[PDB]
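Structure, as C-alpha coordinates:
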Amino acid sequence: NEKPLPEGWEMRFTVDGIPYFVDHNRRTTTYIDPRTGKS
Amino acid sequence: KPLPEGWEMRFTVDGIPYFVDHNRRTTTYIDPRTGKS
Amino acid sequence: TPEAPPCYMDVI
Amino acid sequence: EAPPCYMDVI
(Lines give C-alpha, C1' and ligand atoms only; values in the text may rest on other atoms or scores of the structure.)
Protein backbone atom coordinates (compact mmCIF):
# COMPACT_ATOMS: atom_id res chain seq x y z
CA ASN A 1 0.00 0.00 0.00
CA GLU A 2 1.63 3.29 -1.19
CA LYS A 3 -0.70 5.64 0.76
CA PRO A 4 0.59 7.47 3.82
CA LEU A 5 -0.94 6.85 7.21
CA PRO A 6 -3.45 9.47 8.25
CA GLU A 7 -2.85 12.11 10.95
CA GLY A 8 -2.31 10.68 14.46
CA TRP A 9 -1.59 7.11 13.30
CA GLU A 10 1.60 5.05 13.53
CA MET A 11 2.29 1.46 12.27
CA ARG A 12 4.27 -1.01 14.45
CA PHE A 13 4.85 -4.78 14.31
CA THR A 14 4.34 -7.36 16.96
CA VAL A 15 7.30 -9.58 17.90
CA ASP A 16 5.93 -12.25 15.50
CA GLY A 17 5.64 -9.77 12.68
CA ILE A 18 1.98 -8.79 12.57
CA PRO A 19 1.36 -5.12 11.59
CA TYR A 20 -0.75 -3.11 13.98
CA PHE A 21 -1.84 0.47 14.05
CA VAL A 22 -1.70 3.03 16.88
CA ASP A 23 -4.12 5.97 17.06
CA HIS A 24 -2.54 8.67 19.24
CA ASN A 25 -5.70 10.82 19.21
CA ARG A 26 -8.14 8.17 20.52
CA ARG A 27 -5.37 6.22 22.33
CA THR A 28 -6.32 2.93 20.65
CA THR A 29 -4.52 0.19 18.81
CA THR A 30 -5.88 -2.11 16.16
CA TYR A 31 -4.97 -4.64 13.51
CA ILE A 32 -7.20 -2.63 11.14
CA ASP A 33 -5.17 -0.57 8.71
CA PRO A 34 -6.60 2.98 8.85
CA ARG A 35 -6.01 3.21 5.07
CA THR A 36 -8.16 0.19 4.20
CA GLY A 37 -10.55 -0.62 7.08
CA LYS A 38 -9.40 -4.29 6.95
CA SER A 39 -6.96 -6.43 8.99
CA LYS B 1 -28.53 6.87 21.92
CA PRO B 2 -27.22 3.38 21.04
CA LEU B 3 -23.53 2.65 20.60
CA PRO B 4 -22.30 1.22 17.29
CA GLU B 5 -22.51 -2.51 16.92
CA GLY B 6 -19.86 -4.35 18.92
CA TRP B 7 -19.30 -1.50 21.39
CA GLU B 8 -20.00 -1.41 25.16
CA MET B 9 -19.71 1.34 27.85
CA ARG B 10 -17.68 0.45 30.97
CA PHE B 11 -16.52 2.43 33.99
CA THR B 12 -13.10 2.95 35.50
CA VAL B 13 -12.38 2.56 39.23
CA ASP B 14 -13.20 6.31 39.57
CA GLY B 15 -16.44 6.04 37.67
CA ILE B 16 -15.27 7.57 34.42
CA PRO B 17 -17.12 6.13 31.42
CA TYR B 18 -15.09 4.52 28.66
CA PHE B 19 -15.81 2.60 25.53
CA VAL B 20 -14.87 -0.98 24.75
CA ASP B 21 -14.76 -2.01 21.06
CA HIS B 22 -15.18 -5.74 20.77
CA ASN B 23 -14.85 -5.69 16.97
CA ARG B 24 -11.25 -4.40 17.16
CA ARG B 25 -10.54 -5.45 20.74
CA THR B 26 -9.51 -1.98 22.01
CA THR B 27 -10.74 0.73 24.39
CA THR B 28 -11.04 4.53 24.28
CA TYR B 29 -12.37 7.39 26.35
CA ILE B 30 -13.63 8.99 23.10
CA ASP B 31 -17.35 8.26 22.64
CA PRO B 32 -17.74 6.89 19.09
CA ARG B 33 -21.26 8.44 18.93
CA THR B 34 -19.75 11.99 19.27
CA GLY B 35 -15.93 11.90 18.82
CA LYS B 36 -15.33 13.57 22.18
CA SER B 37 -14.26 12.42 25.67
CA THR C 1 1.02 10.85 30.41
CA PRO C 2 -1.98 10.84 28.13
CA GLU C 3 -5.39 9.78 29.35
CA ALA C 4 -5.89 6.19 28.16
CA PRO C 5 -8.54 3.87 29.59
CA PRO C 6 -8.02 0.34 30.88
CA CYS C 7 -6.65 -1.97 28.25
CA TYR C 8 -8.97 -4.50 26.59
CA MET C 9 -6.67 -7.41 27.64
CA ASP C 10 -6.87 -6.36 31.29
CA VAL C 11 -10.63 -6.00 31.53
CA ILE C 12 -12.07 -8.63 29.18
CA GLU D 1 -5.69 -12.23 20.23
CA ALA D 2 -6.12 -8.53 21.01
CA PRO D 3 -3.71 -5.89 19.65
CA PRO D 4 -1.04 -4.55 22.03
CA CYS D 5 -2.22 -2.21 24.85
CA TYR D 6 -1.65 1.48 24.06
CA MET D 7 0.15 2.14 27.35
CA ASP D 8 2.51 -0.81 26.57
CA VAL D 9 3.30 0.65 23.21
CA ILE D 10 4.29 4.14 24.48
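Just so we're on the same page: first chain in the C-alpha coordinates is A, next is B, and so on; residues restart at 1 for each chain, and ligands are numbered from 1 in the order they show up.
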
(request) Hey, list the chain A side of the contact with chain C: 12 Å cut-off, only C-alpha atoms, answer as number ranges by chain. (result) A: 23-30

Worksheet entry | Contact set, chain D to chain B: 8 Å, only C-alpha atoms, as a list in words |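 Using only C-alpha atoms, chain D residues at most 8 Å from chain B: residues 2, 3 and 5 of chain D.
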
Distance-based interface of chain B with chain C, 12 Å, counting only C-alpha atoms, as a list in words: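 Listing them in order of chain and number gives residues 7, 8, 9, 10, 11, 12, 13, 14, 15, 16, 17, 18, 19, 20, 21, 22, 23, 24, 25, 26, 27, 28, 29, 30 and 37 of chain B.
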
Inset, instruction - Using backbone DSSP assignments, extract all alpha helix (DSSP H) residues from chain C; output them as a VMD selection string. - result: chain C and resid 8 to 11
